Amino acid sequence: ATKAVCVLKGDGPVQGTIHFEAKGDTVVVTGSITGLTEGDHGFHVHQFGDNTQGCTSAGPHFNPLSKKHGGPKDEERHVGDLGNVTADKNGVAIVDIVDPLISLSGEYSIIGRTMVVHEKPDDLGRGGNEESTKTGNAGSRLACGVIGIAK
């Protein structure tokens, strides 16, 4: 696809709508999330578009290259690693990202996978431990959605 979309729901106050658009070989991710506690939350494309167990069955991060966990800019990162999104004091987060690694077709295509917002900030793989190299220690999954074709 050239355009896709994601509606984030959970069993909490955290809702959002994430928009995806293919520009050459980057994905412009745009949107907002509401209900967040102030500050950073990890923002990851997890592997499966599977909601049979809420956000739990989305699996780990989309990582077809078997890299370590990392931030959007690091060479060592999962493809699904889109780093942190920041909520203001009103709990709202404008999403604004241009990523050349995730995509909306071919392999690395995120279509039909799961966009997750996390309870905790992502330490971007740079942490005193080994969960850091897996999840960035972004903690729980607050809200998630299957990324579907929009246009």
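So that there is no doubt, residue numbering starts at 1 and follows the sequence shown. If you superpose the two forms and keep the largest set of C-alpha atoms that fall within 1.5 Å, you have the rigid core.
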Higher-deviation stretch (C-alpha RMS, rigid core fit) in 5 other deposited structures of this protein, choosing from 134-142 and 17-25: 17-25
Compare 5-13 with 125-133 and report which one shows the larger root mean square C-alpha deviation from this form in 5 other deposited structures of this protein once the rigid core is superposed. 125-133
120-128 versus 53-61 - greater average Cα B-factor per the deposited record: 120-128
For the stretches 8-16 and 137-145, which has the higher mean C-alpha B-factor as given in the deposited record? 8-16
Based on the entry's values, in what third of the chain does the Cα temperature factor of residue 44 lie: lowest, middle or highest? lowest
Per the entry's values, where does residue 91 land by CA temperature factor relative to the rest of its chain, in the lowest, middle or highest third? highest
Relative to the other modelled residues of the same chain, rank the CA B-factor of residue 100 and answer lowest, middle or highest third. middle
Using the temperature factors of the C-alpha atoms in this entry, rank residue 35 within its chain: lowest, middle or highest third. highest
